[PDB]
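Worksheet: the structure to be examined is printed underneath.
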Amino acid sequence: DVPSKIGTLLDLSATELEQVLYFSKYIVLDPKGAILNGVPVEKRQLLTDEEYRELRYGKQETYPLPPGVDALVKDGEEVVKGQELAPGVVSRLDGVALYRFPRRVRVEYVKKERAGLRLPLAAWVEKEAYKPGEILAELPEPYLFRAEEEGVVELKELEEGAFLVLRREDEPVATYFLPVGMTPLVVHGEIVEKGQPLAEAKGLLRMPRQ
Amino acid sequence: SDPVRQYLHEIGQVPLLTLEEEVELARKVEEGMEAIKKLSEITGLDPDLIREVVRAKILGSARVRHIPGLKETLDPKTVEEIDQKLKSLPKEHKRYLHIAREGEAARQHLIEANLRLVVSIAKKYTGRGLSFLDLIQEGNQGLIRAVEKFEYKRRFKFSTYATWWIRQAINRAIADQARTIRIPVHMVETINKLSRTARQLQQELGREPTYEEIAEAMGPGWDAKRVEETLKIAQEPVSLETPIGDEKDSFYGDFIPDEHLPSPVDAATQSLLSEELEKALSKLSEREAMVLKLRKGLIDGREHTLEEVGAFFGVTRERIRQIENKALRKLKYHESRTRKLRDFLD
Amino acid sequence: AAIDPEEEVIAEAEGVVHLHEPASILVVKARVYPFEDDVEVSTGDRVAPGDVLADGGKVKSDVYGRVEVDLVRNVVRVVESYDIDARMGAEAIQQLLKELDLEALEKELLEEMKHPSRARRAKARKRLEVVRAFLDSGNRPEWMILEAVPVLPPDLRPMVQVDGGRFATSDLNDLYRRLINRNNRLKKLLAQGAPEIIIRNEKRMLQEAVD
DNA sequence: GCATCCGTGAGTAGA
DNA sequence: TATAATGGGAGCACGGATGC
Ligand SMILES: [Mg+2]
């Protein structure tokens with residue numbers, strides 16, 4: 001009934017009253033120190049669904065990743081607006097990025113072993129331990145590493161560098177470590193005698209990165 | 001302005017679930033229910049009460065109300081005490097509380113996401129006596145039942161299982177709420193079968209069937225009388241405001257007499273009847289007239305037995321029955337003489 | 001883990017776990033709070049700065065927000081947001097109408113009656129007329145909002161058997177039926193804890209029914 | 001001052 | 001009670017208090 005009695009008492013236009021009563025907009029009874037767009041929320045303020053949702057439940061967004069394409073950022077890492085989350089994805093907001101349904105789980109298994117190697121004394125550089133990439137030794141001339149045991153060969157190749165395990169029967173009788181710059185002359189399942197060269201060391205030889 | 005559009009838009013704000021997301025939410029829901037069961041085991045509390053408390057905390061203080069199944073009224077005090085009795089558990093026990101919370105949240109999101117399916121199903125049920133939005137809400141109830149009953153272990157898509165409960169809810173709704181005079185769902189189904197039967201017969205015969213033909217086509221146990229009575233019982237009422245004459249002037253209800261309230265002629269008739277009966281009972285002695293009045297109930301409104309009137313006047317039942325007889329006899333004589341009370345006999 | 005035991009992924013030996021190729025990436029505005037011990041708040045709880053989160057009070061909250069407890073990542077996450085009470089419909093309107101003190105508004109509108117602008121005086125008068133109406137009459141303004149809805153006696157909206165043995169009835173019965181149905185459905189929807197969209201829609205429909 | 005928004009436009013009979 | 005299904009459908013007039 002125009003002008004509205006409810007609208008006149010509460011100082012609300014027909015539009016605003018309509019929007020509130022018909023659930024098109026929220027209206028603020030207790031601001032509870034809310035802040036929207038830099039201005040603190042006043043009592044009796046009219047909020048849209050997006051504003052009220054942003055205020056009450058927070059802000060966030062999910063970005064789809066194309067198949068077979070890995071993410072650029074890390075799980076749990078803070079993000080800045082404009083920062084690329086992936087080659088095809090740019091984040092619109094700032095905050096914590098979370099992984100949604102990782103399709104591939106890569107498990108790095110820890111292995112602690114013990115392996116022998118033989119080198120010319122002049123080539124070796126004495127150290128109590130070796131960091132990955134650190135120089136193990138330097139050969140003035142090509143050198144041949146010779147098998148000190150007899151048996152069948154198990155050749156286990158890492159990203160770079162290799163492990164070579166000699167075994168008679170079931171039990172491994174020897175374990176050798178071939179660093180980078182050392183080319184194995186044997187294949188898997190090959191039979192070797194003592195003195196028969198396993199690998200060739202040519203020039204500088206260093207520890208693998210892994 | 002247009003509620004349908006506004007609700008479609010509100011529905012559109014929730015994004016659809018990827019298979020992974022759907023499976024996740026369903027999983028969280030199932031594990032959640034299991035966690036509520038576990039909390040019921042540990043706490044020795046009611047699964048319902050715990051569920052309502054967890055739900056109350058997830059939804060917030062905005063919605064707090066007494067639940068029909070709960071033996072205890074649910075108020076912020078009670079949910080606070082129960083929340084504290086839950087948080088007072090050891091770590092491994094307190095785990096299930098978190099599982100339950102996230103379970104309820106997942107339930108909420110699952111429903112909110114599958115809200116569109118309800119629309120797409122309900123749009124086909126229009127014109128059945130229920131409004132579009134009504135069908136949507138009932139379909140929503142179906143959707144909720146589905147979310148609660150779903151098992152992700154079967155590898156099926158949620159839409160498949162939910163569709164059944166949505167259709168079921170909508171059909172239940174229509175069968176229940178469509179008619180002004182409520183017809184039990186089974187009877188409704190019967191009436192509808194009768195409809196489709198008669199329609200098949202009219203489509204084959206090239207004319208409307210008789211009661212007998214429908215009775216035949218309905219199988220054993222159906223005769224013409226039964227079909228006729230079933231059609232009679234399926235009749236919907238008509239509006240008193242249906243306009244008669246083509247104009248804004250007249251209403252059907254204006255032509256319908258009132259058979260309940262007594263006409264002035266009726267009131268006059270009964271009044272004259274009581275007055276004439278009193279005129280006739282005054283020609284007797286007060287005792288026999290009182291006996292007749294107590295025996296026919298003119299006094300207190302009810303008819304006394306011979307033993308009660310005999311005990312009221314302090315005489316044998318035989319005596320009071322004899323007094324009743326002589327009174328009736330004197331009245332019959334007075335009536336034969338004056339012919340006054342004849343006209344009231346109709 | 002997975003649906004069937006044989007399809008599960010179990011770690012053969014000691015090692016560290018890395019996640020790659022996620023289906024999607026969800027960026028939230030949130031503050032992350034790792035926990036080494038039992039956590040004192042659950043998921044969904046609203047939290048203000050200084051409140052105890054986990055570890056017997058060692059780790060607490062910086063911002064205002066809603067708590068998501070992540071048991072997988074072993075972190076209590078707080079998504080920044082508030083406790084704001086902002087409502088919808090005649091519930092909100094009735095609330096605001098209850099909080100009204102008519103005398104104060106009378107004073108303020110009287111102050112507005114002295115303004116030089118004719119328009120502001122006009123509006124202040126038109127408001128003050130309603131205010132003073134409610135004041136003199138002794139009517140509480142919130143009575144303009146219906147909690148209980150009266151029902152007209154059935155004889156004034158009759159269901160009657162006519163001549164031929166059929167039934168004729170008023171439209172008021174149909175309207176009342178609509179109202180009762182939507183009301184009951186709303187109560188049941190609430191009792192089963194339906195989400196907000198469904199309840200909002202139901203309430204809207206209830207309003208249109210009363211209308 | 002010119003864009004909305006809204007309420008109302010004989011009577012009896014009859015049907 | 002489980003294949004999957006996911007955003008509707010239809011449809012003249014003048015005078016007067018208000019509202020931008
Ligand atoms: Mg038959």
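Ordering of the structure tokens sets the chain letters (A, B, ...), residue numbers begin anew at 1 in every chain, and ligands are numbered from 1 in the order given.
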Return as a PyMOL selection string the residues of protein, DNA or RNA that approach ligand 1 to within 9 Å, with only C-alpha atoms (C1' of nucleotides) and all ligand atoms taken into account. chain B and resi 212-224
Need the shell around residue 58 in chain A: protein/DNA/RNA residues with any atom at most 9 Å away, counting only C-alpha atoms (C1' of nucleotides). Skip same-chain ones fewer than 2 positions apart. Format as a JSON list (two decimals) with N, CA and C atoms, in the first residue's frame?
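File around-v3.json, as written:
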[["chain", "number", "residue", "atom", "x", "y", "z"],
["A", 53, "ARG", "N", 28.04, -13.58, 0.47],
["A", 53, "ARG", "CA", 28.80, -14.83, 0.43],
["A", 53, "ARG", "C", 30.28, -14.56, 0.66],
["A", 54, "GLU", "N", 30.80, -13.53, 0.01],
["A", 54, "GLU", "CA", 32.20, -13.14, 0.17],
["A", 54, "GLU", "C", 32.51, -12.76, 1.62],
["A", 55, "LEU", "N", 31.61, -12.00, 2.24],
["A", 55, "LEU", "CA", 31.80, -11.55, 3.61],
["A", 55, "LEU", "C", 31.69, -12.70, 4.61],
["A", 56, "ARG", "N", 30.61, -13.45, 4.53],
["A", 56, "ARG", "CA", 30.31, -14.49, 5.50],
["A", 56, "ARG", "C", 31.18, -15.74, 5.36],
["A", 60, "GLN", "N", 37.41, -17.39, -2.62],
["A", 60, "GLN", "CA", 38.21, -18.49, -3.17],
["A", 60, "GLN", "C", 37.77, -18.85, -4.58],
["C", 28, "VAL", "N", 42.53, -20.23, -2.18],
["C", 28, "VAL", "CA", 41.64, -19.69, -1.17],
["C", 28, "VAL", "C", 42.34, -18.49, -0.55],
["C", 29, "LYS", "N", 41.57, -17.56, 0.01],
["C", 29, "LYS", "CA", 42.17, -16.54, 0.86],
["C", 29, "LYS", "C", 42.12, -17.11, 2.26],
["C", 30, "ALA", "N", 43.28, -17.47, 2.78],
["C", 30, "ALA", "CA", 43.34, -18.21, 4.03],
["C", 30, "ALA", "C", 44.67, -18.06, 4.74],
["C", 65, "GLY", "N", 37.84, -15.35, 10.77],
["C", 65, "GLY", "CA", 37.46, -16.32, 9.75],
["C", 65, "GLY", "C", 36.87, -17.64, 10.20],
["C", 66, "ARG", "N", 36.73, -18.54, 9.23],
["C", 66, "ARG", "CA", 36.09, -19.83, 9.41],
["C", 66, "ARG", "C", 37.13, -20.94, 9.36],
["C", 79, "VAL", "N", 39.88, -19.60, 6.74],
["C", 79, "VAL", "CA", 39.45, -18.84, 5.57],
["C", 79, "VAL", "C", 38.87, -17.52, 6.05],
["C", 80, "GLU", "N", 39.43, -16.41, 5.59],
["C", 80, "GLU", "CA", 39.08, -15.12, 6.17],
["C", 80, "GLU", "C", 37.65, -14.68, 5.85],
["C", 81, "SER", "N", 36.88, -14.45, 6.92],
["C", 81, "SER", "CA", 35.48, -14.07, 6.83],
["C", 81, "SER", "C", 34.97, -13.64, 8.21],
["C", 82, "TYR", "N", 33.72, -13.21, 8.30],
["C", 82, "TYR", "CA", 33.19, -12.69, 9.55],
["C", 82, "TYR", "C", 31.96, -13.44, 10.07]]
Select residues of chain B: the criterion is any atom within 10 Å of an atom of chain D, counting only C-alpha atoms (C1' of nucleotides); output as a PyMOL selection string. chain B and resi 244-246+250
Could you write out the selected residues, including N, CA and C atoms, as a PDB file, in the first residue's frame?
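Output file part-v3.pdb is given in full below:
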ATOM      1  N   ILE B 244     -21.291 -17.356 -13.817  1.00  0.00           N
ATOM      2  CA  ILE B 244     -22.380 -17.790 -14.685  1.00  0.00           C
ATOM      3  C   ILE B 244     -22.962 -16.586 -15.420  1.00  0.00           C
ATOM      4  N   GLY B 245     -23.205 -16.764 -16.715  1.00  0.00           N
ATOM      5  CA  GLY B 245     -23.412 -15.646 -17.616  1.00  0.00           C
ATOM      6  C   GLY B 245     -22.033 -15.156 -18.011  1.00  0.00           C
ATOM      7  N   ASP B 246     -21.897 -14.552 -19.186  1.00  0.00           N
ATOM      8  CA  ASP B 246     -20.572 -14.119 -19.601  1.00  0.00           C
ATOM      9  C   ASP B 246     -20.509 -12.633 -19.317  1.00  0.00           C
ATOM     10  N   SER B 250     -22.104 -12.267 -12.108  1.00  0.00           N
ATOM     11  CA  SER B 250     -22.683 -13.336 -11.295  1.00  0.00           C
ATOM     12  C   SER B 250     -21.747 -14.470 -10.880  1.00  0.00           C
TER      13      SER B 250
END
Within 10 Å of chain A, which residues belong to chain E? Use only C-alpha atoms (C1' of nucleotides) and report them as a list in words. residues 17, 18 and 19 of chain E
Produce a file of the selected residues containing N, CA and C atoms (P, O5', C5', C4', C3', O3' and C1' of nucleotides), as a short mmCIF file (atom, residue, chain, number, x, y, z; two decimals), in the first residue's frame.
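The file below, again20.cif, is the result:
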data_model
loop_
_atom_site.label_atom_id
_atom_site.label_comp_id
_atom_site.auth_asym_id
_atom_site.auth_seq_id
_atom_site.Cartn_x
_atom_site.Cartn_y
_atom_site.Cartn_z
P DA E 17 -4.89 13.05 -5.02
"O5'" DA E 17 -3.57 12.18 -5.13
"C5'" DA E 17 -2.59 12.31 -4.12
"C4'" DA E 17 -1.81 11.02 -3.95
"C3'" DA E 17 -0.45 11.22 -3.30
"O3'" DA E 17 -0.06 10.04 -2.64
"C1'" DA E 17 -0.14 10.47 -5.49
P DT E 18 0.85 10.11 -1.32
"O5'" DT E 18 2.21 9.39 -1.75
"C5'" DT E 18 3.04 9.99 -2.73
"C4'" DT E 18 3.72 8.94 -3.57
"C3'" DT E 18 5.24 8.93 -3.43
"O3'" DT E 18 5.74 7.61 -3.45
"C1'" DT E 18 4.65 9.26 -5.69
P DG E 19 7.23 7.31 -2.91
"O5'" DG E 19 8.13 7.34 -4.24
"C5'" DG E 19 7.99 6.33 -5.25
"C4'" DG E 19 8.82 6.63 -6.50
"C3'" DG E 19 10.31 6.84 -6.28
"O3'" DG E 19 11.05 6.41 -7.43
"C1'" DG E 19 9.42 8.76 -7.25
#
Work out how far CA of residue 98 in chain A is from CA of residue 25 in chain B, in Å to one decimal.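 Interatomic distance, CA of residue 25 in chain B to CA of residue 98 in chain A: 16.7 Å.
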Hey, what's within 9 Å of range 2-7 of chain E if we count only C-alpha atoms (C1' of nucleotides) and toss same-chain stuff fewer than 4 positions away? As a PyMOL selection string, please? chain B and resi 5+8-9+11-12+16+113-120+150-151+154+156-164
Could I get the residues of chain B with an atom no further than 10 Å from an atom of chain A, each paired with its nearest atom pair and that distance in Å to one decimal, using only C-alpha atoms, sorted by chain and residue number, as CSV?
residue,atom,partner,partner_atom,distance
B:1,CA,A:22,CA,8.7
B:3,CA,A:22,CA,8.9
B:6,CA,A:24,CA,8.1
B:10,CA,A:49,CA,8.9
B:13,CA,A:50,CA,9.4
B:20,CA,A:101,CA,7.2
B:21,CA,A:101,CA,8.4
B:24,CA,A:101,CA,9.3
Saved selection, atoms kept: N, CA, C and O atoms, as a PDB file, in the first residue's frame:
ATOM      1  N   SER B   1      11.373 -10.563  -9.691  1.00  0.00           N
ATOM      2  CA  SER B   1       9.942 -10.520  -9.979  1.00  0.00           C
ATOM      3  C   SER B   1       9.372 -11.911 -10.243  1.00  0.00           C
ATOM      4  O   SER B   1       8.401 -12.323  -9.607  1.00  0.00           O
ATOM      5  N   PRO B   3       9.706 -15.678  -9.792  1.00  0.00           N
ATOM      6  CA  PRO B   3      10.350 -16.575  -8.824  1.00  0.00           C
ATOM      7  C   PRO B   3      11.122 -17.708  -9.489  1.00  0.00           C
ATOM      8  O   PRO B   3      12.201 -18.081  -9.016  1.00  0.00           O
ATOM      9  N   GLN B   6      14.445 -16.346 -10.811  1.00  0.00           N
ATOM     10  CA  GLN B   6      15.312 -16.040  -9.680  1.00  0.00           C
ATOM     11  C   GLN B   6      15.923 -17.310  -9.092  1.00  0.00           C
ATOM     12  O   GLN B   6      17.108 -17.345  -8.753  1.00  0.00           O
ATOM     13  N   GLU B  10      19.775 -18.565  -8.927  1.00  0.00           N
ATOM     14  CA  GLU B  10      20.389 -19.002  -7.671  1.00  0.00           C
ATOM     15  C   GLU B  10      20.995 -20.390  -7.818  1.00  0.00           C
ATOM     16  O   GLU B  10      22.034 -20.697  -7.232  1.00  0.00           O
ATOM     17  N   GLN B  13      24.432 -20.411  -9.774  1.00  0.00           N
ATOM     18  CA  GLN B  13      25.618 -19.905  -9.095  1.00  0.00           C
ATOM     19  C   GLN B  13      26.488 -21.028  -8.524  1.00  0.00           C
ATOM     20  O   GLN B  13      27.677 -20.832  -8.281  1.00  0.00           O
ATOM     21  N   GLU B  20      35.439 -36.765 -10.009  1.00  0.00           N
ATOM     22  CA  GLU B  20      36.322 -36.781  -8.855  1.00  0.00           C
ATOM     23  C   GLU B  20      35.687 -36.063  -7.665  1.00  0.00           C
ATOM     24  O   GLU B  20      35.636 -36.609  -6.561  1.00  0.00           O
ATOM     25  N   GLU B  21      35.189 -34.852  -7.904  1.00  0.00           N
ATOM     26  CA  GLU B  21      34.575 -34.034  -6.857  1.00  0.00           C
ATOM     27  C   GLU B  21      33.346 -34.705  -6.248  1.00  0.00           C
ATOM     28  O   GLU B  21      33.201 -34.771  -5.022  1.00  0.00           O
ATOM     29  N   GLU B  24      34.331 -37.625  -4.179  1.00  0.00           N
ATOM     30  CA  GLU B  24      34.914 -37.123  -2.941  1.00  0.00           C
ATOM     31  C   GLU B  24      33.833 -36.764  -1.931  1.00  0.00           C
ATOM     32  O   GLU B  24      33.842 -37.263  -0.805  1.00  0.00           O
TER      33      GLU B  24
END
From range 134-309 of chain B, collect each residue whose DSSP state is helix (DSSP H, G or I) and return the set as a PyMOL selection string. chain B and resi 134-149+152-154+158-177+185-205+211-217+224-233+252-255+264-281+286-295+306-309
